[PDB]
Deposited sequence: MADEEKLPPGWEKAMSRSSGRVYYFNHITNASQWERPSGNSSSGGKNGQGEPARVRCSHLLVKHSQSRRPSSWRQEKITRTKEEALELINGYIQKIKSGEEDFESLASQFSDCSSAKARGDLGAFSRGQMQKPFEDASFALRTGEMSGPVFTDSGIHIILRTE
């Protein structure tokens, strides 16, 4: 059982079973629900000093470490999941991608166009679903599949 990409896990802190997707890095308490030619995604990118281009509209020289970037991503995911903040709001303010000006929207795309870990996570997400941290040569992404 379980849709592909998904595995059963156990919370270290509560002992309750949860589910983890090793393609999207998503995790959820509910047993998961379950390929299109194209998907539409938004994303929030946090770059780091080893990003292919360690620069963005937010910062001419991005100096943070991969670990600092993952902490920031993790914090954004927490606030999005709690509802304290909207994905679109955090992407507009803090995404190191030029798509920040479009609330993170990348428009629609096919397989073959995006960096592979991003593509795989995008196509494995269900409509409306959000990824966990997804790593590419650009940095660390939160991906929201919108279509």
Q.
Without any C-alpha position in the structure, which residue ranges of the deposited sequence would you list, numbering from 1?
A. 1-5, 40-50
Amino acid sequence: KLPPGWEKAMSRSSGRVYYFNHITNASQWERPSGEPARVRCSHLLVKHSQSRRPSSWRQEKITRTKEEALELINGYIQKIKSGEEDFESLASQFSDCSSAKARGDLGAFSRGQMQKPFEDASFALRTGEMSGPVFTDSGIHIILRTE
From here on, numbers count along this sequence of modelled residues.
Q: Determine, for stretches 107-115 and 43-51, which one has the higher mean CA B-factor as deposited.
A: 107-115
(Q) Which is higher on mean Cα B factor in this entry, 138-146 or 4-12? (A) 4-12
Q. Hey, out of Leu70, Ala37, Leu90, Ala102, whose CA B-factor is highest in the deposited coordinates?
A. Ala37
Q) When you compare the CA B-factors of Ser95, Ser82, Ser33, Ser122 as listed in the entry, which one comes out on top? A) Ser33
Q | Cα B factor band for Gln59 (lowest, middle or highest third within the chain) | A | highest
Q: Determine, from the deposited record, the chain-internal third of the Cα B-factor for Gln28: lowest, middle or highest.
A: middle
